[PDB]
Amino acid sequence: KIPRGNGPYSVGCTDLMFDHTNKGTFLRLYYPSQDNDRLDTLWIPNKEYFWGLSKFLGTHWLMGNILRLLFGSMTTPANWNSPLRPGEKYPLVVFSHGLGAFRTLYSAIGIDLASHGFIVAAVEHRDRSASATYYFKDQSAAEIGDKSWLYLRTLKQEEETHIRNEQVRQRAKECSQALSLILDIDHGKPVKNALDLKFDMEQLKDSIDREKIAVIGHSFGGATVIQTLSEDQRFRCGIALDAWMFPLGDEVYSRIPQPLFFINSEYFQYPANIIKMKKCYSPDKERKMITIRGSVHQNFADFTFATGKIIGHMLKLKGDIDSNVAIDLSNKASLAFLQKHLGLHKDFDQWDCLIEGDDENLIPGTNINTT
């Protein structure tokens, strides 16, 4: 089980695709909800995501069918299409997924943020970094629900530097585009969701605290945070969860005026990556770094909750640390950081000590030596 949020708000979830094309925005929305008696949200909602995962693993497509058998009925505890909780303006997080992931695999984070009064837009990237994603070729296809699928692109070593940079820039553009869509819906623009879902987008009108925007992401999504900040000053701070820094161009490092928080796992990181993070530092800039003790790269994503303890540790989905404990730390520390740099008037400053890595399961800064 993916944990419920630790906050006071019930959580809703829905999907938005606008426009319907491969250049449109696709996101999964997590939001504070009015009601708590809805069906839970299907975690991986189409068979094609499993085929995507199987290609990402480098196995036959029939491993995909087996994955679907194992995980295809699994839910996450958000009230599917529940009405938005009215009467309050919510700050906004745009969330970016990692390589081979897609929009639905960070519900533990999105749910928990939502439970504390954030609206969270988990984008699905169309850069071929997702295991799978979909869209519609034209208006006819969207009407009848004739999905076209786009699968993970595998790269030759000769393509890595160039194509990973092209992708992170596209990812950044997709984050900015997703922000603009949400802000336009906030400002009342009719938007016909290309997915025929019983969640009226007009609910979001006047529901966003329009200056309180952050960008968060994991792995490739952590590089995406940084690229995004460098090109869209509407994002007021960023949180990079175990960032994979390789995609970033040399130019971005000096170009991030906003506060930025690195939350790392103990076992993922390596000197080349850490050196790149430290290139983001300068005395005028607000930078924080913590490392979760006994954690692995997958502690930030939902598959850390999908299998047992034993098989979890074998597959590197789990680390030495308990998964709920690790994500509570990442999420609470994130909450404190967001409150500080978005100027929120909540109680998230109770976790200020976690930003400085003051906790028995935190290492201040990094365990990685870079000499």
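Between two forms, the rigid core is defined as the largest C-alpha subset superposing within 1.5 Å. Residue numbers run from 1 along the displayed sequence.
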Superpose by the rigid core: which stretch, 123-131 or 140-148, shows more Cα shift in 9 other deposited structures of this protein?
140-148
Comparing 55-63 with 321-329, which has C-alphas lying farther from the shown form in 9 other deposited structures of this protein once the core is aligned?
55-63
Of 165-173 vs 180-188, the stretch with the larger average CA B-factor in the entry is 180-188
Out of 201-209 and 222-230, which stretch has the higher average CA B-factor listed in the record?
201-209
Could you say which of 335, 27, 315, 42 has its CA atom at the highest B factor, as listed in the PDB entry?
315
Selection by C-alpha B-factor (highest) of 152, 92, 155, 243:
155
Third of chain Cα B-factors occupied by residue 273:
middle
Residue 137 CA temperature factor, ranked by third within the chain
highest
In terms of its chain's C-alpha B-factors, the third that includes residue 36 is the highest
Lowest, middle or highest third: where is residue 281 by Cα B-factor in its chain?
highest
Of the three thirds of its chain by CA temperature factor, lowest, middle or highest, which one includes residue 361?
highest
